[PDB]
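Contents: one structure, followed by commentary.
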2 protein chains.
Amino acid sequence: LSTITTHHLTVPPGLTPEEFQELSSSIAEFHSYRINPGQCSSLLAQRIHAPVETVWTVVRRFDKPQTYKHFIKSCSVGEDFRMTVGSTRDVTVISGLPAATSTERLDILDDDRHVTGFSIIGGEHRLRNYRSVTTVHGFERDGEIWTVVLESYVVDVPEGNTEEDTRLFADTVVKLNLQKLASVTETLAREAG
Amino acid sequence: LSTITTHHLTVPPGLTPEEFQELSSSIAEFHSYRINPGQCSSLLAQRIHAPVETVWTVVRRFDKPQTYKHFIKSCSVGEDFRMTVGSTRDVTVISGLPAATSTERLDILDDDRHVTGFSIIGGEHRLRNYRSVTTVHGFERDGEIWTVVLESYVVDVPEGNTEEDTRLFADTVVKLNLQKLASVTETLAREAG
Ligand SMILES: O=C(O)/C=C/c1ccc(O)cc1
Ligand SMILES: O=C(O)/C=C/c1ccc(O)cc1
């Protein structure tokens, strides 16, 4: 029947064991899912050489996912958009197939603890019933500072797919976007203001 | 009816006008196509801070495209593979759909002038009748050296797609792979041997 994900019990790719020991409680709190047959879930991590609030300024921009995500043609949120849970955005995906809008809802926004998350509620692409959470975490060693971003998701495995058909694809895209986030925010850090 | 591509008459993205003036003849020679209704073609460029032969060692590895390309699960070339024109590779794509092999044929391999190219001859994905050429070029200024890689393609626009539905997708993937090529070969350069 249903199971609970175990992302909080092993070191995810891109994280060191030292860093995992610090984040184990956070992974249990925000990156645990109850999962059924026909779904898959994964946790991805990315180290960034920038301060936490620099990274968070980009991660929290629900109306501009294209700032750090690939394969987005445009993103629209209409007239009276405010950054509040329950809001939606219309993402036009670069798919190589006809025009496809992904309607996505903001599920979480915590500026104090640096957690956000969203749900794909409509759209004919390869990520049905997709739901994901992103959290941002600061680290220090001998005066040096860095950030770790954790991003997890749950998603449907389409009939005819193997779980790995879907997990490898979703992992590749999330990982590519985190690499872009790292590049964009490290550049922001190097240039300051 | 048919037309000739004009990649050699404008500065492609990622190239400076100075660099274009040097490559104009090469773009005409290796990156020109005759194109019909229902096809699209593009030219992409990527600057790399590494010597030409360092970049070429990776670009020419027809049996290991995953060294610099994303979304490749595996690549197989069988028992008696030799790096000669006419050889084929079986690429398993990360698509988020069921298992899909891309059979690809090596069309060009010129180690003196640093040109290669391949054709997708079979495979149920979004790049039907795909054909591409990659060329590598060295630059110098006041003792500093760099490389420019040019990569162009022609591909079918599926029925039901607009040309931009296909061109934006193909451009995004080629551009992402060139960014990976840059990272991989700049790392190789920094570490020498
Ligand atoms: O390629 C697909 O099937 C879906 C891609 C996708 C990319 C960005 C999104 O916000 C949603 C879906
Ligand atoms: O996503 C697709 O439809 C096709 C992808 C692709 C990626 C690498 C290849 O070598 C061929 C096709």
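In the structure tokens, chains take letters A, B, ... by order of appearance, with residues numbered from 1 within each chain and ligands from 1 in the order shown.
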
Item to check | Spatial neighbours of residue 99 in chain B, 9 Å, only C-alpha atoms, chain gap at least 6 places, as a PyMOL selection string | outcome: (chain A and resi 161-162+165) or (chain B and resi 92-93)

Using only C-alpha atoms, which residues of chain B come within 7 Å of chain A, and what is the closest atom pair for each, with the distance in Å to one decimal? Give it as a tab-separated table, sorted by chain and residue number.
residue	atom	partner	partner_atom	distance
B:94	CA	A:169	CA	5.7
B:95	CA	A:169	CA	6.1
B:96	CA	A:166	CA	4.8
B:97	CA	A:161	CA	6.1
B:98	CA	A:161	CA	5.0
B:126	CA	A:96	CA	6.2
B:160	CA	A:98	CA	6.4
B:161	CA	A:98	CA	5.0
B:165	CA	A:96	CA	5.4
B:166	CA	A:96	CA	4.8
B:168	CA	A:94	CA	6.8
B:169	CA	A:96	CA	5.1

Could those residues be written to a file, using C-alpha atoms, as a short mmCIF file (atom, residue, chain, number, x, y, z; two decimals), in the first residue's frame?
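Listing of selection_33.cif after writing:
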data_model
loop_
_atom_site.label_atom_id
_atom_site.label_comp_id
_atom_site.auth_asym_id
_atom_site.auth_seq_id
_atom_site.Cartn_x
_atom_site.Cartn_y
_atom_site.Cartn_z
CA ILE B 94 16.31 10.25 -20.89
CA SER B 95 12.88 11.39 -22.03
CA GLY B 96 10.38 10.74 -19.26
CA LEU B 97 8.64 8.39 -21.74
CA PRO B 98 9.21 4.63 -22.21
CA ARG B 126 11.18 14.71 -30.86
CA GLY B 160 1.04 19.88 -35.20
CA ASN B 161 4.14 21.80 -34.09
CA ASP B 165 7.89 24.70 -30.98
CA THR B 166 10.84 22.69 -32.37
CA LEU B 168 13.32 26.57 -29.21
CA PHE B 169 13.54 23.00 -27.89
#

Next on the checklist: What's around residue 175 in chain B at 8 Å? Count only C-alpha atoms, leave out sequence neighbours fewer than 3 positions away in its own chain, and write the answer as a PyMOL selection string.
Outcome noted: chain B and resi 44-46+171-172+178-179

Please produce a file of the residues just selected, as a short mmCIF file (atom, residue, chain, number, x, y, z; two decimals), in the first residue's frame, where the atoms kept are N, CA and C atoms.
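The new file part.cif reads:
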data_model
loop_
_atom_site.label_atom_id
_atom_site.label_comp_id
_atom_site.auth_asym_id
_atom_site.auth_seq_id
_atom_site.Cartn_x
_atom_site.Cartn_y
_atom_site.Cartn_z
N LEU B 44 24.48 27.48 -33.21
CA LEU B 44 24.79 27.86 -31.84
C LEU B 44 26.29 27.94 -31.67
N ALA B 45 26.74 28.84 -30.78
CA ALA B 45 28.16 29.04 -30.55
C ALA B 45 28.45 29.07 -29.05
N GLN B 46 29.67 28.69 -28.68
CA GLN B 46 30.07 28.63 -27.28
C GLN B 46 31.55 28.93 -27.16
N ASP B 171 17.34 24.26 -29.79
CA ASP B 171 18.30 25.26 -29.33
C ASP B 171 18.62 25.11 -27.84
N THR B 172 17.60 24.90 -27.01
CA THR B 172 17.84 24.80 -25.57
C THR B 172 18.76 23.63 -25.25
N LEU B 178 26.55 22.44 -24.99
CA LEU B 178 27.76 23.23 -25.21
C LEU B 178 28.26 23.84 -23.90
N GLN B 179 27.35 24.25 -23.02
CA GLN B 179 27.77 24.74 -21.71
C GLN B 179 28.48 23.65 -20.91
#

Item to check | Contacts of residue 23 in chain A at 9 Å (only C-alpha atoms; same-chain gap of 4+ positions) as a ChimeraX atom specification | outcome: /A:8,19,27-28,137

Selected residues written out, C-alpha atoms, as a compact mmCIF listing (two decimals), in the first residue's frame:
# COMPACT_ATOMS: atom_id res chain seq x y z
CA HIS A 8 15.99 11.74 5.45
CA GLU A 19 26.17 18.54 5.88
CA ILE A 27 14.76 16.67 5.50
CA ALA A 28 12.30 14.82 7.72
CA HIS A 137 20.35 26.25 4.50

Next on the checklist: Please return, as a ChimeraX atom specification, all residues of chain A that DSSP assigns to strand (DSSP E or B) on the basis of the backbone.
Outcome noted: /A:3-4,34-35,39-48,72-76,88-93,101-110,115-122,131-141,144-156

Item to check | Residue contacts of range 77-87 of chain A (8 Å, only C-alpha atoms) excluding same-chain residues fewer than 3 positions away, as a ChimeraX atom specification | outcome: /A:62-63,90,105-109

Item to check | Separation of CA of residue 143 in chain B from CA of residue 116 in chain B in Å | outcome: 27.9 Å

Checklist entry - Hey, what's within 9 Å of residue 115 in chain B if we count only C-alpha atoms and toss same-chain stuff fewer than 4 positions away? As a PyMOL selection string, please? => result chain B and resi 30+56+59-60+108-111+133-136

Generate the output file for the selected residues, C-alpha atoms, as a PDB file, in the first residue's frame.
ATOM      1  CA  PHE B  30      30.224  23.316 -42.773  1.00  0.00           C
ATOM      2  CA  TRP B  56      38.589  18.481 -29.765  1.00  0.00           C
ATOM      3  CA  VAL B  59      34.133  16.638 -29.273  1.00  0.00           C
ATOM      4  CA  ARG B  60      35.515  13.794 -31.411  1.00  0.00           C
ATOM      5  CA  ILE B 108      32.159  13.431 -40.760  1.00  0.00           C
ATOM      6  CA  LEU B 109      35.408  13.102 -38.811  1.00  0.00           C
ATOM      7  CA  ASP B 110      38.280  15.435 -39.762  1.00  0.00           C
ATOM      8  CA  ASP B 111      41.049  15.493 -37.147  1.00  0.00           C
ATOM      9  CA  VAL B 133      27.764  19.438 -37.537  1.00  0.00           C
ATOM     10  CA  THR B 134      30.255  20.607 -34.886  1.00  0.00           C
ATOM     11  CA  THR B 135      33.435  22.571 -35.644  1.00  0.00           C
ATOM     12  CA  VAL B 136      36.183  23.781 -33.292  1.00  0.00           C
TER      13      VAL B 136
END

Residues flagged alpha helix (DSSP H) by DSSP in chain A, as a PDB file with N, CA and C atoms, in the first residue's frame:
ATOM      1  N   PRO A  17      28.449  14.043   4.077  1.00  0.00           N
ATOM      2  CA  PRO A  17      27.877  13.484   5.311  1.00  0.00           C
ATOM      3  C   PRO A  17      27.823  14.495   6.442  1.00  0.00           C
ATOM      4  N   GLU A  18      28.856  15.334   6.589  1.00  0.00           N
ATOM      5  CA  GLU A  18      28.810  16.395   7.592  1.00  0.00           C
ATOM      6  C   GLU A  18      27.569  17.258   7.406  1.00  0.00           C
ATOM      7  N   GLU A  19      27.319  17.685   6.165  1.00  0.00           N
ATOM      8  CA  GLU A  19      26.169  18.536   5.884  1.00  0.00           C
ATOM      9  C   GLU A  19      24.862  17.797   6.130  1.00  0.00           C
ATOM     10  N   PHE A  20      24.811  16.511   5.782  1.00  0.00           N
ATOM     11  CA  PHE A  20      23.592  15.744   6.014  1.00  0.00           C
ATOM     12  C   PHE A  20      23.249  15.694   7.497  1.00  0.00           C
ATOM     13  N   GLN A  21      24.251  15.471   8.352  1.00  0.00           N
ATOM     14  CA  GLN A  21      23.994  15.406   9.789  1.00  0.00           C
ATOM     15  C   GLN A  21      23.306  16.669  10.295  1.00  0.00           C
ATOM     16  N   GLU A  22      23.618  17.824   9.703  1.00  0.00           N
ATOM     17  CA  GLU A  22      22.973  19.069  10.109  1.00  0.00           C
ATOM     18  C   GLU A  22      21.548  19.178   9.579  1.00  0.00           C
ATOM     19  N   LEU A  23      21.269  18.593   8.422  1.00  0.00           N
ATOM     20  CA  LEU A  23      19.989  18.783   7.757  1.00  0.00           C
ATOM     21  C   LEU A  23      19.010  17.642   7.981  1.00  0.00           C
ATOM     22  N   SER A  24      19.383  16.625   8.762  1.00  0.00           N
ATOM     23  CA  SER A  24      18.553  15.428   8.842  1.00  0.00           C
ATOM     24  C   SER A  24      17.152  15.763   9.335  1.00  0.00           C
ATOM     25  N   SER A  25      17.053  16.637  10.339  1.00  0.00           N
ATOM     26  CA  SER A  25      15.745  17.010  10.863  1.00  0.00           C
ATOM     27  C   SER A  25      14.948  17.812   9.839  1.00  0.00           C
ATOM     28  N   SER A  26      15.619  18.683   9.078  1.00  0.00           N
ATOM     29  CA  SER A  26      14.921  19.473   8.070  1.00  0.00           C
ATOM     30  C   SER A  26      14.416  18.593   6.936  1.00  0.00           C
ATOM     31  N   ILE A  27      15.197  17.583   6.551  1.00  0.00           N
ATOM     32  CA  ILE A  27      14.762  16.672   5.495  1.00  0.00           C
ATOM     33  C   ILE A  27      13.533  15.890   5.946  1.00  0.00           C
ATOM     34  N   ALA A  28      13.476  15.521   7.229  1.00  0.00           N
ATOM     35  CA  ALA A  28      12.297  14.819   7.724  1.00  0.00           C
ATOM     36  C   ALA A  28      11.077  15.732   7.739  1.00  0.00           C
ATOM     37  N   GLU A  29      11.277  17.012   8.050  1.00  0.00           N
ATOM     38  CA  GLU A  29      10.161  17.930   8.245  1.00  0.00           C
ATOM     39  C   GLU A  29       9.534  18.360   6.923  1.00  0.00           C
ATOM     40  N   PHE A  30      10.357  18.685   5.925  1.00  0.00           N
ATOM     41  CA  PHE A  30       9.883  19.298   4.691  1.00  0.00           C
ATOM     42  C   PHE A  30      10.049  18.423   3.456  1.00  0.00           C
ATOM     43  N   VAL A  52      22.929  32.710   2.391  1.00  0.00           N
ATOM     44  CA  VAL A  52      21.589  32.120   2.328  1.00  0.00           C
ATOM     45  C   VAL A  52      20.582  33.109   1.757  1.00  0.00           C
ATOM     46  N   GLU A  53      20.611  34.363   2.219  1.00  0.00           N
ATOM     47  CA  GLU A  53      19.568  35.292   1.796  1.00  0.00           C
ATOM     48  C   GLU A  53      19.751  35.732   0.351  1.00  0.00           C
ATOM     49  N   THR A  54      20.965  35.627  -0.184  1.00  0.00           N
ATOM     50  CA  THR A  54      21.158  35.862  -1.610  1.00  0.00           C
ATOM     51  C   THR A  54      20.484  34.772  -2.434  1.00  0.00           C
ATOM     52  N   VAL A  55      20.678  33.510  -2.040  1.00  0.00           N
ATOM     53  CA  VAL A  55      20.040  32.397  -2.736  1.00  0.00           C
ATOM     54  C   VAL A  55      18.529  32.477  -2.585  1.00  0.00           C
ATOM     55  N   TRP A  56      18.062  32.846  -1.389  1.00  0.00           N
ATOM     56  CA  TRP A  56      16.628  32.843  -1.104  1.00  0.00           C
ATOM     57  C   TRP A  56      15.892  33.891  -1.932  1.00  0.00           C
ATOM     58  N   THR A  57      16.531  35.036  -2.184  1.00  0.00           N
ATOM     59  CA  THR A  57      15.907  36.065  -3.010  1.00  0.00           C
ATOM     60  C   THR A  57      15.515  35.530  -4.385  1.00  0.00           C
ATOM     61  N   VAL A  58      16.266  34.571  -4.918  1.00  0.00           N
ATOM     62  CA  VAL A  58      15.907  33.972  -6.203  1.00  0.00           C
ATOM     63  C   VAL A  58      14.929  32.814  -6.030  1.00  0.00           C
ATOM     64  N   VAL A  59      15.144  31.967  -5.018  1.00  0.00           N
ATOM     65  CA  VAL A  59      14.311  30.780  -4.828  1.00  0.00           C
ATOM     66  C   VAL A  59      12.858  31.170  -4.577  1.00  0.00           C
ATOM     67  N   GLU A 163       9.363   3.140 -13.207  1.00  0.00           N
ATOM     68  CA  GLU A 163       9.661   4.214 -12.267  1.00  0.00           C
ATOM     69  C   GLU A 163      10.935   4.952 -12.665  1.00  0.00           C
ATOM     70  N   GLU A 164      11.954   4.218 -13.120  1.00  0.00           N
ATOM     71  CA  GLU A 164      13.204   4.856 -13.523  1.00  0.00           C
ATOM     72  C   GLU A 164      13.040   5.687 -14.793  1.00  0.00           C
ATOM     73  N   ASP A 165      12.118   5.308 -15.681  1.00  0.00           N
ATOM     74  CA  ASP A 165      11.831   6.159 -16.832  1.00  0.00           C
ATOM     75  C   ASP A 165      11.496   7.578 -16.387  1.00  0.00           C
ATOM     76  N   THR A 166      10.793   7.711 -15.261  1.00  0.00           N
ATOM     77  CA  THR A 166      10.325   8.999 -14.757  1.00  0.00           C
ATOM     78  C   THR A 166      11.308   9.631 -13.778  1.00  0.00           C
ATOM     79  N   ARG A 167      11.880   8.826 -12.887  1.00  0.00           N
ATOM     80  CA  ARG A 167      12.775   9.360 -11.865  1.00  0.00           C
ATOM     81  C   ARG A 167      14.056   9.911 -12.479  1.00  0.00           C
ATOM     82  N   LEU A 168      14.606   9.223 -13.476  1.00  0.00           N
ATOM     83  CA  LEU A 168      15.826   9.721 -14.101  1.00  0.00           C
ATOM     84  C   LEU A 168      15.565  11.046 -14.809  1.00  0.00           C
ATOM     85  N   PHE A 169      14.404  11.170 -15.460  1.00  0.00           N
ATOM     86  CA  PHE A 169      14.057  12.400 -16.168  1.00  0.00           C
ATOM     87  C   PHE A 169      13.871  13.557 -15.191  1.00  0.00           C
ATOM     88  N   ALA A 170      13.055  13.347 -14.157  1.00  0.00           N
ATOM     89  CA  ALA A 170      12.798  14.395 -13.176  1.00  0.00           C
ATOM     90  C   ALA A 170      14.076  14.795 -12.452  1.00  0.00           C
ATOM     91  N   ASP A 171      14.890  13.811 -12.052  1.00  0.00           N
ATOM     92  CA  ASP A 171      16.185  14.107 -11.434  1.00  0.00           C
ATOM     93  C   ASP A 171      17.076  14.956 -12.345  1.00  0.00           C
ATOM     94  N   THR A 172      17.141  14.619 -13.637  1.00  0.00           N
ATOM     95  CA  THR A 172      18.010  15.361 -14.545  1.00  0.00           C
ATOM     96  C   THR A 172      17.601  16.827 -14.615  1.00  0.00           C
ATOM     97  N   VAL A 173      16.298  17.085 -14.751  1.00  0.00           N
ATOM     98  CA  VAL A 173      15.805  18.454 -14.881  1.00  0.00           C
ATOM     99  C   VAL A 173      15.982  19.228 -13.574  1.00  0.00           C
ATOM    100  N   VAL A 174      15.606  18.633 -12.441  1.00  0.00           N
ATOM    101  CA  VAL A 174      15.796  19.345 -11.176  1.00  0.00           C
ATOM    102  C   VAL A 174      17.276  19.656 -10.960  1.00  0.00           C
ATOM    103  N   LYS A 175      18.152  18.678 -11.213  1.00  0.00           N
ATOM    104  CA  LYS A 175      19.590  18.900 -11.051  1.00  0.00           C
ATOM    105  C   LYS A 175      20.095  20.017 -11.958  1.00  0.00           C
ATOM    106  N   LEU A 176      19.647  20.045 -13.211  1.00  0.00           N
ATOM    107  CA  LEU A 176      20.089  21.106 -14.107  1.00  0.00           C
ATOM    108  C   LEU A 176      19.648  22.472 -13.605  1.00  0.00           C
ATOM    109  N   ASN A 177      18.433  22.562 -13.062  1.00  0.00           N
ATOM    110  CA  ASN A 177      17.942  23.842 -12.568  1.00  0.00           C
ATOM    111  C   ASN A 177      18.711  24.293 -11.334  1.00  0.00           C
ATOM    112  N   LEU A 178      19.081  23.357 -10.450  1.00  0.00           N
ATOM    113  CA  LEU A 178      19.871  23.723  -9.280  1.00  0.00           C
ATOM    114  C   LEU A 178      21.266  24.203  -9.680  1.00  0.00           C
ATOM    115  N   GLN A 179      21.850  23.607 -10.721  1.00  0.00           N
ATOM    116  CA  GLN A 179      23.135  24.099 -11.216  1.00  0.00           C
ATOM    117  C   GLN A 179      23.012  25.527 -11.733  1.00  0.00           C
ATOM    118  N   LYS A 180      21.907  25.834 -12.422  1.00  0.00           N
ATOM    119  CA  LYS A 180      21.657  27.201 -12.870  1.00  0.00           C
ATOM    120  C   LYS A 180      21.445  28.139 -11.690  1.00  0.00           C
ATOM    121  N   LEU A 181      20.663  27.711 -10.692  1.00  0.00           N
ATOM    122  CA  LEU A 181      20.502  28.504  -9.476  1.00  0.00           C
ATOM    123  C   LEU A 181      21.855  28.839  -8.868  1.00  0.00           C
ATOM    124  N   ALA A 182      22.741  27.846  -8.790  1.00  0.00           N
ATOM    125  CA  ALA A 182      24.068  28.076  -8.233  1.00  0.00           C
ATOM    126  C   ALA A 182      24.820  29.131  -9.035  1.00  0.00           C
ATOM    127  N   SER A 183      24.819  28.995 -10.364  1.00  0.00           N
ATOM    128  CA  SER A 183      25.527  29.952 -11.214  1.00  0.00           C
ATOM    129  C   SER A 183      24.971  31.361 -11.039  1.00  0.00           C
ATOM    130  N   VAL A 184      23.647  31.494 -11.110  1.00  0.00           N
ATOM    131  CA  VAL A 184      22.996  32.800 -11.048  1.00  0.00           C
ATOM    132  C   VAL A 184      23.274  33.494  -9.720  1.00  0.00           C
ATOM    133  N   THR A 185      23.172  32.759  -8.605  1.00  0.00           N
ATOM    134  CA  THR A 185      23.302  33.381  -7.290  1.00  0.00           C
ATOM    135  C   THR A 185      24.754  33.578  -6.885  1.00  0.00           C
ATOM    136  N   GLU A 186      25.661  32.707  -7.333  1.00  0.00           N
ATOM    137  CA  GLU A 186      27.078  32.980  -7.125  1.00  0.00           C
ATOM    138  C   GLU A 186      27.502  34.234  -7.883  1.00  0.00           C
ATOM    139  N   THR A 187      26.968  34.436  -9.090  1.00  0.00           N
ATOM    140  CA  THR A 187      27.233  35.683  -9.807  1.00  0.00           C
ATOM    141  C   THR A 187      26.696  36.880  -9.031  1.00  0.00           C
ATOM    142  N   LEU A 188      25.457  36.781  -8.538  1.00  0.00           N
ATOM    143  CA  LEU A 188      24.902  37.851  -7.712  1.00  0.00           C
ATOM    144  C   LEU A 188      25.793  38.133  -6.509  1.00  0.00           C
ATOM    145  N   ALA A 189      26.347  37.081  -5.900  1.00  0.00           N
ATOM    146  CA  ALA A 189      27.202  37.268  -4.732  1.00  0.00           C
ATOM    147  C   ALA A 189      28.511  37.952  -5.103  1.00  0.00           C
ATOM    148  N   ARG A 190      29.142  37.528  -6.201  1.00  0.00           N
ATOM    149  CA  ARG A 190      30.429  38.111  -6.578  1.00  0.00           C
ATOM    150  C   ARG A 190      30.310  39.595  -6.890  1.00  0.00           C
ATOM    151  N   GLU A 191      29.127  40.052  -7.295  1.00  0.00           N
ATOM    152  CA  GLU A 191      28.949  41.435  -7.713  1.00  0.00           C
ATOM    153  C   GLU A 191      28.354  42.325  -6.630  1.00  0.00           C
TER     154      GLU A 191
END

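Going from CA of residue 88 in chain A to atom 10 (O, counted along the ligand's line) of ligand 1 covers 11.6 Å.
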
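Atom to atom, CA of residue 13 in chain A and CA of residue 138 in chain A stand 17.9 Å apart.
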
Checklist entry - Hey, which of B:65, B:193, B:38, B:51 ends up closest to ligand 2? Count only C-alpha atoms and all ligand atoms. => result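 Among the listed residues, B:65 lies closest to ligand 2.
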